[PDB]
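Source file: my_file_21.txt; contents: compact mmCIF, C-alpha atoms and all ligand atoms.
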```txt
# COMPACT_ATOMS: atom_id res chain seq x y z
CA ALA W 380 31.70 177.05 13.60
CA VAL W 381 33.41 178.54 16.67
CA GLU W 382 33.17 176.73 20.00
CA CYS W 383 34.30 177.17 23.58
CA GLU W 384 37.64 175.69 24.54
CA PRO W 385 37.46 172.33 26.32
CA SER W 386 36.09 172.60 29.89
CA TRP W 387 34.31 175.90 29.04
CA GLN W 388 30.53 175.56 28.90
CA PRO W 389 28.54 177.49 26.26
CA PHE W 390 25.46 179.55 27.05
CA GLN W 391 23.67 182.27 25.05
CA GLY W 392 26.68 183.31 23.04
CA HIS W 393 29.37 183.08 25.73
CA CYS W 394 31.66 180.55 27.39
CA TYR W 395 31.80 179.91 31.15
CA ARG W 396 34.24 178.16 33.48
CA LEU W 397 34.27 177.52 37.22
CA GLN W 398 37.72 178.21 38.67
CA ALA W 399 37.90 175.92 41.69
CA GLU W 400 41.07 177.36 43.25
CA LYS W 401 40.41 179.74 46.14
CA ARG W 402 41.87 183.20 45.41
CA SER W 403 41.25 186.86 46.20
CA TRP W 404 38.94 188.81 43.90
CA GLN W 405 41.81 190.53 42.08
CA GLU W 406 43.76 187.28 41.74
CA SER W 407 40.66 185.54 40.38
CA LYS W 408 40.21 188.33 37.83
CA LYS W 409 43.84 188.07 36.72
CA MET W 410 43.42 184.34 36.17
CA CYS W 411 40.33 184.97 34.01
CA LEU W 412 42.25 187.58 32.01
CA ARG W 413 45.09 185.09 31.48
CA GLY W 414 42.52 182.75 29.95
CA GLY W 415 41.20 185.42 27.59
CA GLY W 416 38.09 186.21 29.63
CA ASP W 417 37.00 188.20 32.67
CA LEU W 418 35.12 187.56 35.88
CA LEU W 419 31.50 186.58 35.36
CA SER W 420 28.88 189.22 34.61
CA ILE W 421 25.18 188.36 34.91
CA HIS W 422 22.62 190.28 32.87
CA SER W 423 19.38 188.29 33.20
CA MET W 424 17.58 185.81 35.44
CA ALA W 425 18.12 183.21 32.70
CA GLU W 426 21.89 183.68 32.91
CA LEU W 427 21.72 183.60 36.71
CA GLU W 428 19.86 180.28 36.63
CA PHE W 429 22.36 178.79 34.18
CA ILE W 430 25.17 179.86 36.52
CA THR W 431 23.66 178.45 39.69
CA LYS W 432 22.37 175.26 38.04
CA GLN W 433 25.30 174.27 35.83
CA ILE W 434 28.45 176.18 36.82
CA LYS W 435 28.29 176.95 40.54
CA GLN W 436 26.32 173.81 41.48
CA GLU W 437 27.25 172.67 45.01
CA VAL W 438 29.91 175.36 45.52
CA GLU W 439 28.59 177.60 48.25
CA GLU W 440 30.30 180.95 47.60
CA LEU W 441 32.38 182.34 44.74
CA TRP W 442 33.55 185.62 43.21
CA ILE W 443 31.78 187.31 40.31
CA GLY W 444 32.79 190.49 38.51
CA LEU W 445 30.63 193.05 40.29
CA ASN W 446 32.51 195.54 42.44
CA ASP W 447 32.42 199.09 43.77
CA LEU W 448 36.19 199.51 43.94
CA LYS W 449 36.14 202.69 41.88
CA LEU W 450 33.13 204.43 43.44
CA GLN W 451 31.58 203.30 46.73
CA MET W 452 27.96 202.05 46.47
CA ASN W 453 28.07 202.23 42.62
CA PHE W 454 28.68 198.67 41.52
CA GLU W 455 29.94 197.89 38.03
CA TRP W 456 31.07 194.80 36.15
CA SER W 457 34.81 194.41 35.76
CA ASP W 458 34.24 193.49 32.11
CA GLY W 459 32.67 196.89 31.36
CA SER W 460 29.17 195.69 30.54
CA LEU W 461 26.05 197.45 31.82
CA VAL W 462 24.46 196.55 35.15
CA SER W 463 21.06 195.61 33.75
CA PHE W 464 20.25 192.96 36.38
CA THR W 465 20.98 192.46 40.07
CA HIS W 466 20.18 189.70 42.54
CA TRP W 467 21.28 190.95 45.96
CA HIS W 468 20.68 189.18 49.21
CA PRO W 469 18.31 191.32 51.29
CA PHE W 470 20.19 194.22 52.91
CA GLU W 471 23.16 193.76 50.64
CA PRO W 472 25.27 195.54 49.58
CA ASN W 473 26.07 196.73 53.13
CA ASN W 474 29.80 197.69 52.92
CA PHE W 475 30.24 196.16 56.35
CA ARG W 476 33.98 195.54 56.63
CA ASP W 477 36.09 198.70 56.50
CA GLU W 480 33.74 195.27 51.20
CA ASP W 481 34.07 196.19 47.55
CA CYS W 482 33.88 192.87 45.65
CA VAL W 483 30.81 190.70 45.09
CA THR W 484 30.15 187.00 45.71
CA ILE W 485 27.27 184.69 44.88
CA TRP W 486 26.30 182.48 47.78
CA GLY W 487 23.44 180.21 48.74
CA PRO W 488 21.17 178.05 46.60
CA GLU W 489 19.25 180.94 45.02
CA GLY W 490 22.44 182.53 43.72
CA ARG W 491 21.90 185.84 45.51
CA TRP W 492 24.78 188.30 45.86
CA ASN W 493 26.78 189.86 48.71
CA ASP W 494 29.55 192.44 48.92
CA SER W 495 32.62 190.98 50.60
CA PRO W 496 36.21 191.89 51.52
CA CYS W 497 38.20 191.60 48.31
CA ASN W 498 41.08 189.72 49.97
CA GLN W 499 38.97 186.67 50.84
CA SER W 500 40.05 183.44 49.12
CA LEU W 501 37.14 181.97 47.16
CA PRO W 502 36.51 180.11 43.90
CA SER W 503 35.36 182.20 40.96
CA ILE W 504 33.68 182.05 37.55
CA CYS W 505 35.14 183.37 34.29
CA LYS W 506 33.15 184.35 31.22
CA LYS W 507 34.38 184.53 27.65
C1 LIG P 601 26.53 191.48 58.28
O1 LIG P 601 27.09 191.38 56.99
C2 LIG P 601 26.90 190.19 56.36
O2 LIG P 601 27.49 189.08 57.18
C3 LIG P 601 28.96 189.14 57.29
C4 LIG P 601 29.46 187.86 57.90
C5 LIG P 601 29.63 189.35 55.93
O3 LIG P 601 29.49 188.15 55.17
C6 LIG P 601 29.02 190.50 55.18
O4 LIG P 601 29.65 190.64 53.88
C7 LIG P 601 27.56 190.32 55.01
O5 LIG P 601 27.02 191.48 54.36
CA CA P 602 31.99 198.88 48.91
CA CA P 603 28.20 192.40 52.68
```

Encoding of this model in structure tokens:
Amino acid sequence: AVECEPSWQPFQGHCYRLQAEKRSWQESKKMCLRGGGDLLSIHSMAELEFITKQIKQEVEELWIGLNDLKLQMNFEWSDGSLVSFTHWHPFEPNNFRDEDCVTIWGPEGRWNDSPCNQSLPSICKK
């Protein structure tokens, strides 16, 4: 049957890849699009735990697809899927820097809104 490309890891119907190179959020998204995917969306605790345990691993902070670029304080996934699940750090999102793109950081995989021009690794989903 159909499989992920080499170096993409399968999970619950989709393929996942850590992009190690540090880029801005938009640059990370463009790289995912070039590979036929998009930035990671996370729709369940089970998918979050796969991400932190197998994809992110020791990497401390990376971009995912959540963002409020279009409408402040209304976060959406760049890939167009529904926001059915969130895992924010306490008091995030806080739109501190005047922050419209979302990172995962820390061992529990909780999320933070960050300046989009920060260079960080990312995760694509396919
Ligand atoms: C006070 O705000 C928190 O700490 C800052 C260093 C930033 O990482 C910011 O995104 C985060 O929400
Ligand atoms: Ca914002
Ligand atoms: Ca923040």

Just give me the gap between atom CA of residue W:410 and atom CA of residue W:392 in Å, one decimal is fine.
21.3 Å

Hey, which of W:425, W:434, W:383, W:497 ends up closest to residue W:397? Count only C-alpha atoms.
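The answer is W:434, which sits nearest to residue W:397.
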
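Straight-line separation from atom CA of residue W:390 to atom CA of residue W:418: 15.3 Å.
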
List as a VMD selection string the protein and nucleic acid residues lying within 10 Å of ligand CA 603 (chain P), with only C-alpha atoms and all ligand atoms counted.
chain W and resid 467 to 468 470 to 476 480 to 484 492 to 496

If we draw a sphere of 12 Å around (20.8, 186.8, 34.8), which residues have at least one atom in it when counting only C-alpha atoms? Please report them as a VMD selection string.
chain W and resid 390 to 391 419 to 431 462 to 467 489 to 492

From W:458, W:400, W:440, W:417, residue lying nearest ligand LIG 601 (chain P) [only C-alpha atoms and all ligand atoms]
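Smallest distance to ligand LIG 601 (chain P) is found for W:440.
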
If the box runs along x, y and z of the file and leaves 3 Å on each side of ligand LIG 601 (chain P), what are its centre and edge lengths in Å, one decimal, as JSON?
```
{"center_x": 28.1, "center_y": 189.7, "center_z": 56.1, "size_x": 9.1, "size_y": 9.6, "size_z": 10.4}
```

By how many Å are atom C3 of ligand LIG 601 (chain P) and atom CA of residue W:454 apart?
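Between these atoms lies a distance of 18.4 Å.
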
Min atom-atom distance to ligand CA 602 (chain P) from the set W:457, W:380, W:437, W:452, counting all atoms listed in the file, belongs to W:452

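The shortest atom-to-atom distance to ligand LIG 601 (chain P), with all atoms listed in the file taken into account, belongs to W:477 out of W:384, W:406, W:455, W:477.
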
Selected residue of minimal separation from residue W:501 among W:461, W:450, W:381, W:441, counting all atoms listed in the file
W:441

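Residue nearest ligand LIG 601 (chain P) within the list W:469, W:385, W:488, W:502: W:469 [criterion: smallest interatomic distance, only C-alpha atoms and all ligand atoms].
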
Within 8 Å of residue W:395 using all atoms listed in the file, minus same-chain residues under 3 positions, as JSON, numbers by chain:
{"W": [387, 388, 389, 390, 419, 434, 504, 505, 506, 507]}

Pick out the residues sitting within 8 Å of residue W:407, and hand them over as a ChimeraX atom specification; count all atoms listed in the file, and ignore anything fewer than 4 positions along from it in its own chain.
/W:402-403,411,418,442,502-503
